[PDB]
Amino acid sequence: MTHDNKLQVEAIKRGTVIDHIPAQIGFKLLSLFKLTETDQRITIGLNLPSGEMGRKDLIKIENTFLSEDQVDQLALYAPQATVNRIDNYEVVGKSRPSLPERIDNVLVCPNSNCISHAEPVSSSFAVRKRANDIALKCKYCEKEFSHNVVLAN
Amino acid sequence: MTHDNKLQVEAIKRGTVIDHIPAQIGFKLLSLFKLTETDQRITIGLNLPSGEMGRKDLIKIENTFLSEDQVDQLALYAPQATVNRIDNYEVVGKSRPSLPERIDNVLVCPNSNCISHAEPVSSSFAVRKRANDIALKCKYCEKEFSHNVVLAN
Amino acid sequence: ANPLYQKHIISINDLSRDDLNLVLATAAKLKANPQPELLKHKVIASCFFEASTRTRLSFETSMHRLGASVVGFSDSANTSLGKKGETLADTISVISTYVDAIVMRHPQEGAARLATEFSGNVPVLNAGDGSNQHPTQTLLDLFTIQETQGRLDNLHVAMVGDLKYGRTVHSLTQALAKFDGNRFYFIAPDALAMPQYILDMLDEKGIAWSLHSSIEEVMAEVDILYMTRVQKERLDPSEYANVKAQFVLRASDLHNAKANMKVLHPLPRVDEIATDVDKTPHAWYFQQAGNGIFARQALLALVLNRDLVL
Amino acid sequence: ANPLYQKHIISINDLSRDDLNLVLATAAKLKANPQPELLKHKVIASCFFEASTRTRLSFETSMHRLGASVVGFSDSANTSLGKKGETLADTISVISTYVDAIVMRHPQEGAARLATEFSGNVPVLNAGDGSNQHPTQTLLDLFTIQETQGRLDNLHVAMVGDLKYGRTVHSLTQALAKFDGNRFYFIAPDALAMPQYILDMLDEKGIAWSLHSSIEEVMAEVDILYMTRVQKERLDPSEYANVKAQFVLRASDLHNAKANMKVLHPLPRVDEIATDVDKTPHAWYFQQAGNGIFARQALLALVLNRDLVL
Amino acid sequence: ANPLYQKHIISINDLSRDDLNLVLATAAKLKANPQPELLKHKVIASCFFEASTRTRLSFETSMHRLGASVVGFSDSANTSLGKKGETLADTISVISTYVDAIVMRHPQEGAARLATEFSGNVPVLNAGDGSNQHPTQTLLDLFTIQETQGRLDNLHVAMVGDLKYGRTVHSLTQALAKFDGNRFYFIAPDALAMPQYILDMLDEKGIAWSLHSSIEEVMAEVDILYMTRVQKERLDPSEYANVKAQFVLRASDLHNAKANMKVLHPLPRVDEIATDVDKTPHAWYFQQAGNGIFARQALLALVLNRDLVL
Amino acid sequence: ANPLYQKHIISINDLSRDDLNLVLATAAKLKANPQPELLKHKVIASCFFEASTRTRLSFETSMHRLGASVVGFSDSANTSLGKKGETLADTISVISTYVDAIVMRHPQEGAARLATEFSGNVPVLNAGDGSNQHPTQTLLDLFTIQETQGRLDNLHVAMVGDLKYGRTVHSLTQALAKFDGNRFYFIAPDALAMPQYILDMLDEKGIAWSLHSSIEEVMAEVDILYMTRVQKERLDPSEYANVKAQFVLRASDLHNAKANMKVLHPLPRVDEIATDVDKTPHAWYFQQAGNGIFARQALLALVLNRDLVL
Ligand SMILES: Nc1ccn([C@@H]2O[C@H](COP(=O)(O)OP(=O)(O)OP(=O)(O)O)[C@@H](O)[C@H]2O)c(=O)n1
Ligand SMILES: Nc1ccn([C@@H]2O[C@H](COP(=O)(O)OP(=O)(O)OP(=O)(O)O)[C@@H](O)[C@H]2O)c(=O)n1
Ligand SMILES: [Zn+2]
Ligand SMILES: [Zn+2]
């Protein structure tokens, strides 16, 4: 009950709870994946105590079942985040992010001569874990970069 | 520690609560005023079922007291809001935004020949003429525009 | 022989309603059954003394879809004529000595008409003379109104943008006034207003027009919404951006547009029509550009052919 | 319908071995019996937003040897598109409204691929996009290896020159790795070395390569010697001249070349292959350029034709 | 020290009536009793990122008649700084370690104000920034109005030409509205009239103004006639040539003018003022450019000298 | 006379450690006690055949703070001399009859040394010659290193950026290798590393150097961090954007730096040094450009004055 954790818990009835968002990625995830562009209840907690995994963030989105592909997207940012669907007051599926086939939209080509910068195009990168890193190849310029070069920019 | 619930979430030990944020301005405010770069616990309720607006947004920032001038930068986006200041589970302060004389950093001069676009200076606009509808003058190019025009882009 | 046989298409003010309909009925047939060898062995000159790629590539492609050969230049990148001091009268008296029609764009107004005094009877088709005329852009716009609306009369046409300097809005207003019962709505910033001589002509013909300052005052009633680009050179940086830059169509403004309403724009559109408008069924600016092929094919066919069997 | 029917030829990494052989077998037939009216009535756009004369004149000549009409521009000499602020998406949505295929060169990488999202189903053939791809130069090089060597596998291919920035050596290495048992010898100055991603791909496919610093270490074994130009901009004046400028072939170095050995060079060659090499039977750079005609003719034929009877 | 001692001179808005009077009082003493070794050992930088020969030369001759040294440049399509990637802030930050004062003219508005935040305690003086401010022009106009009329209050001032975009006429009206009783007549083509902001300001202070249509309409009451040049580009050639029987000044029009009426023009005067006006008593544009020397000497002397007894 | 009295200042190679110390000793006296009429009546020519605004302005402000006169030019795509057919030797031969000293920057290497053979006994000072020498930059760097660190020996100096082609970093290493005990850390992209000649020299003297991969690797031991700009053109955009998590400097990276560690940059600094470094105590690039004045005053004073007591 109290060894504080919860306090009068925002237990939602139906929704997705993204938990273990590893501190500071919490806000990225909202902006990047445009999760507040809805009319349903969100409750966000940032820099929560989670003594057991340091500090973390947590988004709870009501009556929304963000999934499969949508979940895999977050792999680049919050690689250990557990999504939990809820249909009637408890966990009815807890899903981990797997690195996807492609990352669309969100991401920018490092290549300043890549045509994707001046044009009405959605970025797209082919994802490939060259065990050590993840290389990302641009759809357009077909140049390949360390996921760290892309995620800085 | 007091019985939260989420429809109107409860009590932080000391900090600021910006309540009666229009709706869809809450995340705009988190983005713009970089309220997120704290290690403090932030709790945010989005699209919530209450005070008359109907739905409204709410941000609770424990252990930070922002005020006087900070509360006033909130006036162009959330003028209806109240900024509660809390010490020891009690609202020792209840403030509202009022139009400031200067709005720094947050706006973008709509005049494309303005020098402010390219350079390591912050935007700054002199503000004037309360609620019949606000004109903002660039510090640099000295062109006066309509707030809805700068606020569009 | 058809009325346009061997005529110079210099100005819209020279073409009658009947002339306009004959071109538009021919465009509709060539769109329906091609005639790819009709102008076989004809050689046509495409002289663009001022560069205009969009227009040149349409004119030449439609010359190529009827079997004609093309010779010519795009200049405004110093390709040698005008050097020494060759008058345009002399350039055109030498080029008409070996081509069967001249298509021509030039920076000064009146240049195509003068070409006409020196070409013998090689037809001159005007593809733009300064801020004066552009017949072939009005012919394709008209064709696109006709083909999507089924008529050229009883239309509610809104013209939005820089109405003062857009040479195409001026001409399409003169052409539509050849027809009956059309109603005009002009939506322009104050500095880019539709000139008096247009307005005065509309009044003298008993045609209805009105000025509005928001597209949503008129959306509901409108059939053709013809948007123009404001050139920011015509205003200052701050003017352009200040209040005046709301001659911009977004998809949301089309909420209550009639099911038949079409958005037309001669192009380049830079930002007055937002990208999300393209997915709407009302976006017809690119299909309008495709129609420049049949209106330009029809004019070449009618001008170089005595009798056209269709 | 053949596999390439109505495909976009954007990158070599998209064409399979089978795709590569189908093009090369068609090139061999068109070289053997012409088909000068196969693309009759087709109109093709040759948009070279970046000028490249060599490539443009081959592409258009091979369009002309199959009976197609050509419209288009060579720019990099301000011919009007890009003015006002016309995005490439919009230029290509208007040009695909009247041509049957777009051939296109552009300075930025990725531009042909984007054209593909806006062309409807008018095929886009890439003739160069920045430092990314050039499929039609690799198709003609391959055709010239095949035709002189009789095979595309079991080859000993040496690549000499600037291997770091030559976009054609990178692509021909990717294409030849589609085939079996080829061996690569790379001879480059240290600053112009063949990138890791190429080398890593070769390793992962089990293909043999080695670095040498003199052509005469390898002359004896070599079948195709593919030379590139060092751009002195890529080095400084003194670097270029210092030791590093010995990636230059003279006739004397060919002393012991196999009788079948061929010297290939995309061109311009300025001085890396000396003039006296031209009289040797091994000089094949110009015959290679002649073969660009049949490889480009074959791609246009396969892309615009359902069924090709040969 | 004096009120302006090492203060930045960026906008006329920023200088009170008393500061304007101090400048004009000093300029009259420097005109009377020269002090050629007053800024001896100071180095001023003349950074004209935008070229203006007459403004640059008036300024450097001011610097030199007070004995200062000059380093600087004018960048018409040339000369390194700013470049691209080189910020204005870093140019200033570097040049304000070399010099004692910076006079600069730049094409984007507010460039002089941005400079102020990087020059340390080196003063910067604005010689023009886009369409915003040009304070040293206004100072010399007022010196010319004070020296000819004897006062700066209770004047009947006529302003003519492009009132919409003459930067000098926007400034002169602010400035003259800090003194009392002035009456303003604004004669413009309505495509080119006073912004409503100058006008809205003028009414909050209670100043009298009227808009007229031709100078002939106010000739008789007027003390200063300030002509501005009409910008050919912001007008169509055909409206430019159409405006009434024009708004240009000829000596015939002056036959009515008050004996102390003066024609001022910031220059150049292509055709709005004919050659015959040049020889009337009322012509004062060239004496107005000579007073530029005395106005800018005064500003430099006050900025760089603490106390100045003359 | 002093050792440098009317001696040519062409290469740092040509100046001993003692001469470098004499210059830096003088510059500290001229910085302390100005002598503004020291070169009174001398005329220096500022012949910038290659434009460099910051170098030209630092030099002319040096000439003027010592009272000299300046005649000269900057030839970016303009101004007659050299022309074609007009030799550099004949330009010098003619200008060395007019002036007392020649400061010149030219694009081909050795131009300053060729000048020396034609200037008679007029001294010439090199302000840059192609990729060879720029001695007055090195003199101001060493003055900035001596004034901040207190000595020029036993320093841990880190050099970063394009070490292959920064002319300033080749010079600074020669120069610093005339003093004792200096340790060098060279952090470059391996496409852009120190030439083996700088390195071979350094080992013949016994100087210690190491090559590192990121500044984070040496931050803690370092006294001078000398950043150089990375030349976009000599790199592919895609390798330029790929290098690690970069080699740019941010204040976060400085959290480890020694209290007396200083960041120097010859400037411009497009993006290798962020804006936040500008406000740390370690930022010293703008003070480094102000010391340019004192270094070049010292060289001019010593060259043109026989004996100088200050
Ligand atoms: N009625 C419910 C039930 C669960 N949850 C949320 O869903 C998440 C699911 O975690 P759970 O399986 O209930 O136990 P945990 O150990 O927290 O799961 P994990 O292994 O991810 O830590 C919790 O954060 C909880 O807040 C909720 O909001 N409402
Ligand atoms: N320790 C506390 C006490 C109050 N609150 C917040 O403070 C806000 C408003 O304060 P309060 O004056 O106590 O309630 P109201 O009277 O409704 O304030 P108002 O009328 O201005 O909305 C509430 O949203 C509540 O969440 C809080 O989070 N923590
Ligand atoms: Zn890319
Ligand atoms: Zn501004």
Side-chain angles (χ1 to χ4, degrees), chain D residues 12 20 23-24 26-32 34 46 48 51-66 74 103 105 127-128 134-152 155-163 166-173 175-176 187 215 219 222-231 245 247-255 257-300:
Chain D
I12 213 67
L20 281 195
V23 172
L24 267 45
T26 301
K29 297 201 167 78
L30 296 171
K31 196 173 184 176
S46 165
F48 276 70
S52 178
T53 311
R54 292 268 85 276
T55 306
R56 201 179 123 247
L57 286 199
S58 286
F59 247 121
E60 296 178 13
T61 297
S62 39
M63 298 175 193
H64 281 302
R65 307 229 96 140
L66 294 161
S74 26
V103 167
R105 190 181 261 236
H134 197 0
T136 249
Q137 177 72 43
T138 312
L139 291 191
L140 78 99
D141 290 337
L142 285 182
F143 179 67
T144 307
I145 299 183
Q146 191 183 257
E147 168 187 86
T148 50
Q149 301 321 108
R151 62 189 136 121
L152 249 26
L155 296 169
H156 290 171
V157 173
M159 322 232 192
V160 172
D162 164 0
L163 299 188
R167 119 233 243 203
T168 53
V169 295
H170 298 153
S171 321
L172 182 77
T173 301
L176 286 178
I187 292 124
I215 321 171
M219 197 42 70
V222 121
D223 300 326
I224 292 293
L225 154 59
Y226 192 95
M227 304 255 332
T228 265
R229 62 159 297 97
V230 176
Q231 310 128 65
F247 291 76
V248 46
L249 193 73
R250 296 228 71 185
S252 41
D253 301 332
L254 304 163
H255 259 105
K258 293 161 85 153
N260 68 65
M261 192 291 245
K262 255 53 176 107
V263 185
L264 269 52
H265 189 298
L267 309 161
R269 122 257 216 158
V270 175
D271 50 16
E272 44 281 314
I273 298 178
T275 273
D276 76 347
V277 170
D278 307 351
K279 304 234 198 73
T280 270
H282 305 115
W284 228 241
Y285 19 104
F286 295 126
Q287 301 74 185
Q288 181 193 337
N291 289 357
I293 293 296
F294 304 107
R296 298 204 248 230
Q297 275 183 190
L299 217 54
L300 289 174

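Numbered from 1 within each chain, the chains take letters A, B, ... in sequence-line order. Values below: all heavy atoms of this structure, side chains included; hydrogens, waters and symmetry mates excluded.
Closest approach of D:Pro268 to D:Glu272, counting heavy atoms only: O-OE2, 4.1 Å. The minimum heavy-atom distance linking D:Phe59 with D:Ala127 is given by the pair CE1-CB, 3.7 Å.
D:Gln288 is not listed as a side-chain neighbour of D:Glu147, based on a closest heavy-atom distance of 4.5 Å or more. Side chains of D:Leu299 and D:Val23 form a contact here, defined as non-hydrogen atoms less than 4.5 Å apart. D:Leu140 has its side chain out of reach of D:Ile293: every pair of non-hydrogen atoms, C-beta onward, lies at least 4.5 Å apart. In this structure, D:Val248 and D:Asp253 have side chains that are not in contact, with every pair of non-hydrogen atoms separated by 4.5 Å or more. In this structure, D:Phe48 and D:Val103 have side chains that are in contact, with non-hydrogen atoms separated by less than 4.5 Å.
Of the possible donor and acceptor atoms, one in the side chain of D:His170 sits under 3.5 Å from a partner among the backbone N and O of D:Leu163. Judged by distance alone, with hydrogens and angles left aside, the side-chain atoms of D:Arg105 form no donor-acceptor pair with the main-chain N or O of D:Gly128 at under 3.5 Å.
Atom CG of D:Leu176 is separated from atom CG of D:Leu20 by 9.5 Å, given to the nearest 0.5 angstrom. Between D:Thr280 atom OG1 and D:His255 atom NE2 the span is 11.0 Å, to the nearest 0.5 Å. Expressed to the nearest 0.5 Å, how far NZ of D:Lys262 lies from OH of D:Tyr285 amounts to 11.0 Å. In this structure, CE in D:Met219 is found 5.5 Å from CG in D:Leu249, a value given to the nearest 0.5 Å. In this structure, D:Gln149 CD and D:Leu155 CG are separated by 6.5 Å, a value rounded to the nearest 0.5 Å. With values rounded to the nearest 0.5 angstrom, D:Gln137 atom CD is found 10.5 Å from D:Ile12 atom CD1.
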Which pairs of donor and acceptor atoms, one on a side chain in residues 223-230 of chain D, lie under 3.5 Å apart (sequence neighbours left out)?
| unit_1 | atom_1 | unit_2 | atom_2 | d |
| --- | --- | --- | --- | --- |
| D:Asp223 | OD1 | D:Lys258 | NZ | 3.0 |
| D:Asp223 | OD2 | D:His156 | N | 3.1 |
| D:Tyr226 | OH | D:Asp141 | OD2 | 2.8 |

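Contacts of D:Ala274 classified as side-chain contact (heavy atoms from CB on, under 4.5 Å), with partners at least two apart in sequence or in another chain: D:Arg250, D:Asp276. Applying the side-chain hydrogen bond (donor to acceptor under 3.5 Å, both in side chains) rule to D:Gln287 yields no partners; only residues at least two apart in sequence or on another chain are considered. Applying the side-chain hydrogen bond (donor to acceptor under 3.5 Å, both in side chains) criterion to D:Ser52, with sequence neighbours excluded, gives D:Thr55. Residues passing the side-chain hydrogen bond (donor to acceptor under 3.5 Å, both in side chains) test with D:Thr144 are D:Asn291, sequence neighbours excluded. Judged as a side-chain contact (heavy atoms from CB on, under 4.5 Å), and not counting sequence neighbours, the contacts of D:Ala27 are D:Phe143, D:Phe294, D:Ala298. Residues forming a side-chain hydrogen bond (donor to acceptor under 3.5 Å, both in side chains) with D:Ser46 (at least two apart in sequence, or on another chain): D:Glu60.
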| message | Determine whether D:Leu152 and D:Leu24 satisfy the following criterion, side chain to side chain contact (heavy atoms under 4.5 Å, CB included), listing intermediate values before the conclusion. | response | CA-CA 11 Å; D:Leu152 249 26; D:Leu24 267 45; 3.6 Å; yes
| task | Please test D:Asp162 against D:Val169 for side chain to side chain contact (heavy atoms under 4.5 Å, CB included), starting from the C-alpha separation and ending with a verdict. | result | CA-CA 9 Å; D:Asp162 164 0; D:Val169 295; over 6 Å; no
| task | I would like to know whether D:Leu142 and D:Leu172 meet side chain to side chain contact (heavy atoms under 4.5 Å, CB included); could you show each step before the answer? | result | CA-CA 8 Å; D:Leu142 285 182; D:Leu172 182 77; 3.7 Å; yes
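Atom CZ of D:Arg151 has more than 12 heavy atoms from other residues, nucleotides or ligands within 6.0 Å. In D:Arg167, the CZ atom is crowded: over 12 heavy atoms of neighbouring residues, nucleotides or ligands sit closer than 6.0 Å.
Screening residues 277-299 of chain D for salt bridge (charged side-chain N to carboxylate O under 4.0 Å, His left out), with sequence neighbours left out, gives D:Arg269-D:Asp278.
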